[PDB]
Every structure is written in C-alpha cells, then in structure tokens.
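Just one chain follows, in the form deposited in one PDB entry, and it is written as structure tokens.
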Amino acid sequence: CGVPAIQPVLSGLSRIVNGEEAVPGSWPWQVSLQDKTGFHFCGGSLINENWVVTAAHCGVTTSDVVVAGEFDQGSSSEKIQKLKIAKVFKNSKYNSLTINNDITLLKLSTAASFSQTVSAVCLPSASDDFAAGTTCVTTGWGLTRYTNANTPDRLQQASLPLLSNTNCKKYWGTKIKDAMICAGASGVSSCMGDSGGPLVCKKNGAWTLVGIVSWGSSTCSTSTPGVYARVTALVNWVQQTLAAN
C-alpha cells in the first residue's frame, strides 16, 4: 500500500491551470469507471485486489466496468484490466440533496492483478489528521477546461492544498458538512469526469486516500475550493463492509 513501483514526477505545472499529465503507471490505484460502451464517466481508486472505492453520485451499476492499468484512454491498445463488478455498496447515509456521505464500495468479480502499474492506495485511520495547508494530489480524466467537453485521453494530476472546514465555508458556507473536506482554490480544479477519484496525502511514505472527488464549482473555477468525501469520517464503514463481504 501506497507506493507506486513507478514513481510520480510532480512538477510546478501540476500546481497551475489544471495540472499536468502523469507519468504513465505512477498512480496504480487509479481506475476508470466505464459503461458497457467503453465510456468513462467517473474514476475510482483500488484499495484491494478486490475492491474499489468511489463517490456514490456516480450511479455505478453491476453492468458497468472497472478498467485497471490505463494511462492513455485513446490507445488502440495498452495492457489494461477490464474487471467486472459483482456487488455495489452505497453508503446508507449518502444524502442525495446534499451529496453528504458520498462513498460507494465496489466489490469485484474478477480480482485485479497487482502489477507494477496496478496496486492499491493506503486508507487512513479515523483518528488521522491531515492538516490544512498540506499540499496533496488529485488524479483523473476529468476535463481540463469546462469549455473542452472532451475528457482527456491521458491521466492528469494536480497538486492543491488542503483547506479547513472553516475557510471553505467562506466559499460554500453552510453546504460544507463533516463527511466533506475541501481542497484547492489555488489555480487547479477537479472537473467533470474526475468524480470518485482520489485526493492523496502522503503519509509516512505512503500515499493515503484523504478524499474522493465529489462536487464543486459548476464551471471548474480555479479560484474556488473543490469538495471531496472525507475518508477519515467514512473509513470505519469501509472497514466494516469489507469484513462482512
């Protein structure tokens, strides 16, 4: 857990107007949720060789596919894994009005084959504390400009700092709940198609899952914080569903 065989290279471009392209295979836990039609509509992160964790607003069905090991989605072909889904575990407390408690667990039918390019993310401890102002990473195939309406072929990554509930409420006010964590407002934004992906904060050498892409600016405003599902607040549920399944 949380150590890519293949090492990320995070440059200063990762911090400005909607990050950069990833070193292929450098975020192994990064998966793409796809249709039967092969069309990417959300991301996810692998926590196991068996489970994927995602946002609940994504509407993942058992009919949908988890694609492990992809870089370039426009590849006539690369070495990926099209894993099937057998059971979907949508948080009972997910609030659809509010997008609060926005985590869903996908149990795979076909175990993923951990390779050099496919591995898992470390999940945090509930008591874990990731300080505001900590610079983290968000990865995905979400649009680069709201104005593109074409999702990128290659995985992107942005570096953004964490925010206090307190200083996010200045932008979202009362919408910000406890199962939410804010990040960005710095020159980089999560956007359509990034949903259910990771917000990784490195901890004691490992990259750890601190947020899930949830919601944010309807226009992918780089001066507004992006909201994520707060993993520390939902990890005992992850732990307990995993145990009973």
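Rigid core here is just the name for the largest C-alpha set that superposes within 1.5 Å across the two forms. Numbers for residues come from their place in the sequence shown, where the first is 1.
Below, we turn to the form deposited in another entry, even though it does not appear here.
Lining up the core between this form and the one not shown shows that one residue from 100, 151, 104, 81 moves its Cα 2 Å or more, and that residue is 151. Remark: with the core as the superposition reference, the CA shift of residue 214 between this form and the one not shown stays below 2 Å. Core-superposed comparison between this form and the one not shown: the CA of residue 193 exceeds or equals a 2 Å shift. The pair residue 144 and residue 80 approaches in the other entry: their C-alpha atoms are at least 3 Å nearer to each other than in the form depicted.
Relative to this form, the distance between the C-alpha atoms of residue 19 and residue 148 is increased by at least 3 angstroms in the other entry.
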